[PDB]
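What follows is a single structure, written as structure tokens, with notes after it.
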Amino acid sequence: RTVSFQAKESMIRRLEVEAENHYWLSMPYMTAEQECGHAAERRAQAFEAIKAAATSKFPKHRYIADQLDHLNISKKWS
Amino acid sequence: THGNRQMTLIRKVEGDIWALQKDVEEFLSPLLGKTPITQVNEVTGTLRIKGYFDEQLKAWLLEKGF
Amino acid sequence: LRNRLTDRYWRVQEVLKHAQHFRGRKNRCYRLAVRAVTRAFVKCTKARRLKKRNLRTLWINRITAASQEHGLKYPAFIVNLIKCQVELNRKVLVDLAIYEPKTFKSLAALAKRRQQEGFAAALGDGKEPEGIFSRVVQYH
Amino acid sequence: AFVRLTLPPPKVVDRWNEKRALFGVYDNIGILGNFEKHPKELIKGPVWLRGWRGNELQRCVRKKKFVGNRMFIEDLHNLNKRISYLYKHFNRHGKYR
Amino acid sequence: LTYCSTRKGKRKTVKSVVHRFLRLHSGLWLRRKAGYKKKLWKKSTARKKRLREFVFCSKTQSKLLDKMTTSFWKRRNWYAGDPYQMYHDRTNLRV
Amino acid sequence: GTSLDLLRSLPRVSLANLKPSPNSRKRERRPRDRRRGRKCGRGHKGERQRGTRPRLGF
Amino acid sequence: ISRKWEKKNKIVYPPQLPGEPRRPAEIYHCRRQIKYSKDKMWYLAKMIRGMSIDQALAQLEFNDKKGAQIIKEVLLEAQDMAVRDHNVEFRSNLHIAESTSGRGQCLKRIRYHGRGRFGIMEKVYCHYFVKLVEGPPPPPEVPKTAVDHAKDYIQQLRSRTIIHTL
RNA sequence: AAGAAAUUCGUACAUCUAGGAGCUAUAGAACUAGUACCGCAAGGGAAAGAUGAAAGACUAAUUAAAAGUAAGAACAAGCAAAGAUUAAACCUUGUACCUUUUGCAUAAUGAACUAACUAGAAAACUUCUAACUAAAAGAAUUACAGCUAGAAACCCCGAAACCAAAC
RNA sequence: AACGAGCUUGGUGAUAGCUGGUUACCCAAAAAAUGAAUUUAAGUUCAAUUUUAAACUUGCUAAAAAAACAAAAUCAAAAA
Ligand SMILES: [Mg+2]
Ligand SMILES: [Mg+2]
Ligand SMILES: [Mg+2]
Ligand SMILES: [Mg+2]
Ligand SMILES: [Mg+2]
Ligand SMILES: [Mg+2]
Ligand SMILES: [Mg+2]
Ligand SMILES: [Mg+2]
Ligand SMILES: [Mg+2]
Ligand SMILES: [Mg+2]
Ligand SMILES: [Mg+2]
Ligand SMILES: [Mg+2]
Ligand SMILES: [Mg+2]
Ligand SMILES: [Mg+2]
Ligand SMILES: [Mg+2]
Ligand SMILES: [Mg+2]
């Protein structure tokens, strides 16, 4: 086969973008040690929400109003 | 039920079932550390609570003199 | 025969009413009409999307005809109008060419001039004043 | 399909004839009558299924016990053949084991 | 097995189960070890000790054995001097 | 209590107004429709689809 | 079975007003059970379409098919009743508006073959229908002239519109 | 796979000469009939009818209503349609259906068309809804919150054979 | 009229791990077709997977060193 002109250019443009991706990933703002523990409080709160939802399942209330409202099916003009 | 879900039931209630729910929540809340999960059945006049609290409720009801 | 279906007449008519304009036994025989109607409905659904693409090709074809009357190729005409901050779409451009010949000619000159300004800016290098029509209004 | 070309004659139902008016009376004969009679004794039907219920195999075997000796030859031959067919279905066939 | 019997219309117990296992009222089943009387002369002293024990059954085996017996074999029995009196119940089980 | 007061307002109770307790009856499913028809839940051709798998314990 | 062709002769219109064209008369006639195939009878019924009564009877008299004789007798009875019962003045003043054949009730029999086999035989029957309308036969068809063809073509070009646009 | 008895219980509708959340001409009996017809014989075994108060009123009407035809053959180009269009056809888009195969068919089974008929059934355990509760059940059963009742489930057609008694 | 063993009725809805078929709509989830035993390989049972419900608490990606290996699979601190 012969690679078409379009295919060669399209690949080059994608190569150039990835080159810039390499550059912007080379300058970390914080070192590893500084990072440790900086977000502990937020993470712990999140699981507490998850656990609370899991252990909250229970049946629903039942009301006299629902059962007795069925009688209105026979309402009329007297 | 299901082999792992434990509950306690108060059965022959007359009058305002909702008032009883509020009292039970206040009475049991300090022990658990949270508000108890409950179900109110208006048609059958019963109250259902998650977890075993039969002994405490029996003593509690005697104090009120029912 | 305790219970028997008493509604088969109307269930049959639902299919056959959609087949009256067919040719052959397809318009009166249920076992044949039912197969043809579902094929028609599948075609109807797929042609809703294809319709929109077909009309765009028609617009581009007519625009190329209108521009070439003034000596412009389609890519040059469309691109340069954008660089002048003109946001007319292809559907409305076709209307002007057919129904507003003088207005379309005015737009033809505008696109051509902006193209010439770009050519001059490219060949000339260094700091030079920008073209009159090559100035971009800004928003904030 | 072909449908009627005329409306069928009307049906008129009397809702206050004697059978309909007094339906249910004496269904509480036991609780209101000191329990001398059970409500099941008020039922009318075949001798072998008064106050009793079962599946088809059980019904066939129960019928034979009650009136098997007072049956006609050909009727009894068919009843016995039905029992064996139902026996093999309920004990050897099915999705669930 | 027989799901519906001709004479009574009931399920029937498989008697080969009743002759090999014991059921505790909680739901456990007990059995012996296969081979606990065979060729003892060629078995080590530790191997022979393991064979003498009474052993429990798994969940799937317990399920199958329940289907093959009727309810009569699952009731409460009050035998004076029972040597299994203390094993019919469970204690401190969270599950 | 207050519940019996509601009855006074509502229409007469009759044989045309009855209703069961909610969720007391499940739905029974027949194999007519596409979801529950066709192979009808029995699988592909074999001993089990035809209905003659061996006995319990085999 | 349906017999509607017979009843068509009993329609009665209200009297015509003085300022109106004279309404021509109409006669409907048929013969019902005939031992002849309807496919074969079609060719005979087709031929006499549009012709006058005398021209139709002339062509029928020299056809060799069995169906030709049966059609002729039905035509003669229709002419007789037209004058006798439907107030037609002149016998010759009639033309055939409609003529067609229809299926009848048939019979099934056995047809033998050569190895103990058989087949199903049908003894076929048919109907014949006609309508007679008073007046000379309507004029025949004239093919389109070259000028007429062209005039249609310009009409087609003039109908064009600009499609799929404002 | 088969399966008792000892021992307990029971006068039952009792003129109910009556009843039907049983079928209505492809259903319900095979049945208008064990006839016609088929077989030497034992034996096998069908199909269908329709006016009105009066026919001593000429046999009644009612229905664009099935497939099939007629009224009215055809007109460059193609799974026969869809987007459309002033315009029926011309332009554009589009490898019949079910089953089975490796999630794939221009593979291979099955179908001339219309009408009617023609195939998932049980309650040991579980879940849901109620009654009463250290007890539940209208006798015999289960119980260290249980027990009683309701609801919830597991197809159709098709061999070569084997045995008994007739012809 | 069809004999490697006649024909008819009955046992009989014989049996078939094999062939064909199995009738309304909508929403949701979902496979691999690896391991073991079987007169078993045109079939079945158990593990493993999937799934509905319920109880309550840590999971997935990542993972330093320091091992065990011989000179990328285990293992899983602290963090994010
Ligand atoms: Mg596009
Ligand atoms: Mg079912
Ligand atoms: Mg023929
Ligand atoms: Mg006895
Ligand atoms: Mg019949
Ligand atoms: Mg019959
Ligand atoms: Mg027709
Ligand atoms: Mg074409
Ligand atoms: Mg082949
Ligand atoms: Mg074929
Ligand atoms: Mg049909
Ligand atoms: Mg079979
Ligand atoms: Mg694998
Ligand atoms: Mg072996
Ligand atoms: Mg196999
Ligand atoms: Mg960690």
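Here, A, B, ... name the chains of the structure tokens in the order displayed, residue numbers run from 1 inside each chain, and ligands are numbered from 1 in the same displayed order.
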Quick one: residues within 8 Å of range 44-54 of chain B, only C-alpha atoms (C1' of nucleotides) counted, chain neighbours fewer than 3 positions away excluded, as a ChimeraX atom specification?
/B:5-14,17,21,36-41,57-58
DSSP alpha helix (DSSP H) residues within chain D, as number ranges by chain
D: 18-21, 56-67, 73-92
Please find the residues of chain I near chain D - the criterion being any atom within 12 Å, counting only C-alpha atoms (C1' of nucleotides) - and write them as a list in words.
residues 11, 12, 13 and 14 of chain I
Could you save those same residues with N, CA, C and O atoms (P, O5', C5', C4', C3', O3' and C1' of nucleotides) as a PDB file, in the first residue's frame?
```
ATOM      1  P     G I  11     -56.460 -49.690  25.993  1.00  0.00           P
ATOM      2  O5'   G I  11     -55.244 -50.528  26.589  1.00  0.00           O
ATOM      3  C5'   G I  11     -55.377 -51.240  27.809  1.00  0.00           C
ATOM      4  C4'   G I  11     -54.071 -51.849  28.253  1.00  0.00           C
ATOM      5  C3'   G I  11     -52.883 -50.907  28.348  1.00  0.00           C
ATOM      6  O3'   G I  11     -52.890 -50.133  29.536  1.00  0.00           O
ATOM      7  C1'   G I  11     -52.231 -52.894  27.248  1.00  0.00           C
ATOM      8  P     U I  12     -52.100 -48.734  29.623  1.00  0.00           P
ATOM      9  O5'   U I  12     -52.612 -47.898  28.368  1.00  0.00           O
ATOM     10  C5'   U I  12     -52.379 -46.494  28.282  1.00  0.00           C
ATOM     11  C4'   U I  12     -52.378 -46.004  26.855  1.00  0.00           C
ATOM     12  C3'   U I  12     -53.474 -46.581  25.964  1.00  0.00           C
ATOM     13  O3'   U I  12     -53.815 -45.636  24.950  1.00  0.00           O
ATOM     14  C1'   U I  12     -51.376 -47.202  25.107  1.00  0.00           C
ATOM     15  P     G I  13     -54.752 -44.373  25.272  1.00  0.00           P
ATOM     16  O5'   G I  13     -53.749 -43.134  25.251  1.00  0.00           O
ATOM     17  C5'   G I  13     -53.144 -42.692  24.038  1.00  0.00           C
ATOM     18  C4'   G I  13     -51.860 -41.928  24.279  1.00  0.00           C
ATOM     19  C3'   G I  13     -50.911 -42.537  25.313  1.00  0.00           C
ATOM     20  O3'   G I  13     -49.555 -42.305  24.927  1.00  0.00           O
ATOM     21  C1'   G I  13     -51.485 -40.350  25.971  1.00  0.00           C
ATOM     22  P     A I  14     -48.863 -43.182  23.772  1.00  0.00           P
ATOM     23  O5'   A I  14     -47.906 -44.190  24.546  1.00  0.00           O
ATOM     24  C5'   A I  14     -48.268 -44.749  25.798  1.00  0.00           C
ATOM     25  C4'   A I  14     -47.236 -45.743  26.262  1.00  0.00           C
ATOM     26  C3'   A I  14     -45.814 -45.215  26.375  1.00  0.00           C
ATOM     27  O3'   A I  14     -45.571 -44.584  27.623  1.00  0.00           O
ATOM     28  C1'   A I  14     -45.819 -47.272  25.191  1.00  0.00           C
TER      29        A I  14
END
```
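Using only C-alpha atoms (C1' of nucleotides), the nearest neighbour of chain G within the list I:1, I:54, I:76, I:35 is I:1.
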Residues at most 12 Å from ligand 9, using only C-alpha atoms (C1' of nucleotides) and all ligand atoms? Could they come as a ChimeraX atom specification?
/H:107-109
Could you save those same residues with N, CA, C and O atoms (P, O5', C5', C4', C3', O3' and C1' of nucleotides) as a PDB file, in the first residue's frame?
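Okay, this is what ended up in selection_20.pdb:
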```pdb
ATOM      1  P     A H 107     -28.591 -17.945   0.867  1.00  0.00           P
ATOM      2  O5'   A H 107     -27.120 -18.101   1.463  1.00  0.00           O
ATOM      3  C5'   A H 107     -26.092 -18.735   0.719  1.00  0.00           C
ATOM      4  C4'   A H 107     -25.709 -20.094   1.263  1.00  0.00           C
ATOM      5  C3'   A H 107     -26.780 -21.169   1.306  1.00  0.00           C
ATOM      6  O3'   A H 107     -27.080 -21.715   0.034  1.00  0.00           O
ATOM      7  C1'   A H 107     -25.358 -21.307   3.216  1.00  0.00           C
ATOM      8  P     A H 108     -28.306 -22.744  -0.125  1.00  0.00           P
ATOM      9  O5'   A H 108     -27.778 -24.084   0.555  1.00  0.00           O
ATOM     10  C5'   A H 108     -28.607 -25.233   0.630  1.00  0.00           C
ATOM     11  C4'   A H 108     -28.773 -25.720   2.049  1.00  0.00           C
ATOM     12  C3'   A H 108     -30.203 -25.922   2.516  1.00  0.00           C
ATOM     13  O3'   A H 108     -30.756 -27.143   2.060  1.00  0.00           O
ATOM     14  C1'   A H 108     -28.943 -24.823   4.204  1.00  0.00           C
ATOM     15  P     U H 109     -32.319 -27.245   1.706  1.00  0.00           P
ATOM     16  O5'   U H 109     -32.946 -27.941   2.993  1.00  0.00           O
ATOM     17  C5'   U H 109     -34.306 -27.735   3.335  1.00  0.00           C
ATOM     18  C4'   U H 109     -34.545 -27.916   4.812  1.00  0.00           C
ATOM     19  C3'   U H 109     -35.937 -27.538   5.290  1.00  0.00           C
ATOM     20  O3'   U H 109     -36.873 -28.583   5.101  1.00  0.00           O
ATOM     21  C1'   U H 109     -34.325 -26.527   6.691  1.00  0.00           C
TER      22        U H 109
END
```
Give me, as a VMD selection string, the residues of chain F touching chain D, with the criterion being at most 6 Å (counting only C-alpha atoms).
chain F and resid 51 to 52 56
Expected answer as JSON, numbers by chain: strand (DSSP E or B) residues in range 27-152 of chain G
{"G": [27, 28, 29, 30, 31, 32, 33, 34, 52, 94, 95, 96, 97, 98, 99, 100, 101, 102, 103, 107, 108, 109, 110, 111, 112, 118, 119, 120, 121, 122, 123, 126, 127, 128, 129, 130, 131, 132, 133, 134]}
Keeping only C-alpha atoms, write those residues as an mmCIF file, in the first residue's frame.
```cif
data_model
loop_
_atom_site.group_PDB
_atom_site.id
_atom_site.type_symbol
_atom_site.label_atom_id
_atom_site.label_comp_id
_atom_site.auth_asym_id
_atom_site.auth_seq_id
_atom_site.Cartn_x
_atom_site.Cartn_y
_atom_site.Cartn_z
ATOM 1 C CA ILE G 27 -82.651 -2.639 -19.255
ATOM 2 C CA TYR G 28 -80.842 -5.291 -17.189
ATOM 3 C CA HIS G 29 -80.964 -8.987 -18.084
ATOM 4 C CA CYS G 30 -79.043 -12.167 -17.276
ATOM 5 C CA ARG G 31 -79.079 -15.958 -17.489
ATOM 6 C CA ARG G 32 -77.742 -17.638 -14.396
ATOM 7 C CA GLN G 33 -76.636 -21.291 -14.586
ATOM 8 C CA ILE G 34 -74.877 -22.201 -17.838
ATOM 9 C CA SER G 52 -75.556 -1.622 -31.464
ATOM 10 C CA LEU G 94 -80.359 0.243 -28.669
ATOM 11 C CA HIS G 95 -76.700 -0.415 -27.892
ATOM 12 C CA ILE G 96 -74.834 -2.656 -25.454
ATOM 13 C CA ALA G 97 -73.445 -0.639 -22.545
ATOM 14 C CA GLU G 98 -72.287 -3.563 -20.369
ATOM 15 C CA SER G 99 -71.613 -7.256 -20.987
ATOM 16 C CA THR G 100 -69.574 -9.601 -18.790
ATOM 17 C CA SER G 101 -69.322 -13.152 -17.436
ATOM 18 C CA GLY G 102 -69.306 -14.467 -13.875
ATOM 19 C CA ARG G 103 -68.569 -17.660 -11.984
ATOM 20 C CA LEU G 107 -69.458 -29.549 -8.837
ATOM 21 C CA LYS G 108 -66.555 -31.772 -7.788
ATOM 22 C CA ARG G 109 -65.898 -35.252 -9.190
ATOM 23 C CA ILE G 110 -63.060 -37.762 -9.603
ATOM 24 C CA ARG G 111 -60.617 -38.061 -12.507
ATOM 25 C CA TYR G 112 -58.740 -41.352 -12.784
ATOM 26 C CA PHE G 118 -56.774 -39.840 -9.053
ATOM 27 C CA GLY G 119 -57.396 -36.117 -9.309
ATOM 28 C CA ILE G 120 -60.162 -33.632 -8.589
ATOM 29 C CA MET G 121 -62.385 -32.629 -11.509
ATOM 30 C CA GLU G 122 -64.590 -29.541 -11.621
ATOM 31 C CA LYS G 123 -67.772 -29.297 -13.675
ATOM 32 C CA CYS G 126 -71.042 -19.365 -15.332
ATOM 33 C CA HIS G 127 -73.423 -16.394 -15.473
ATOM 34 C CA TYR G 128 -73.952 -13.796 -18.201
ATOM 35 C CA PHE G 129 -74.919 -10.140 -17.632
ATOM 36 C CA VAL G 130 -75.950 -7.347 -20.015
ATOM 37 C CA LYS G 131 -77.249 -3.789 -19.838
ATOM 38 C CA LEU G 132 -79.043 -2.196 -22.800
ATOM 39 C CA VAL G 133 -79.160 1.601 -23.129
ATOM 40 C CA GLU G 134 -81.391 3.414 -25.607
#
```
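Residues of protein, DNA or RNA lying at most 9 Å from ligand 5, when only C-alpha atoms (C1' of nucleotides) and all ligand atoms are considered, are residues 25, 26, 27, 28, 29, 30 and 31 of chain H.
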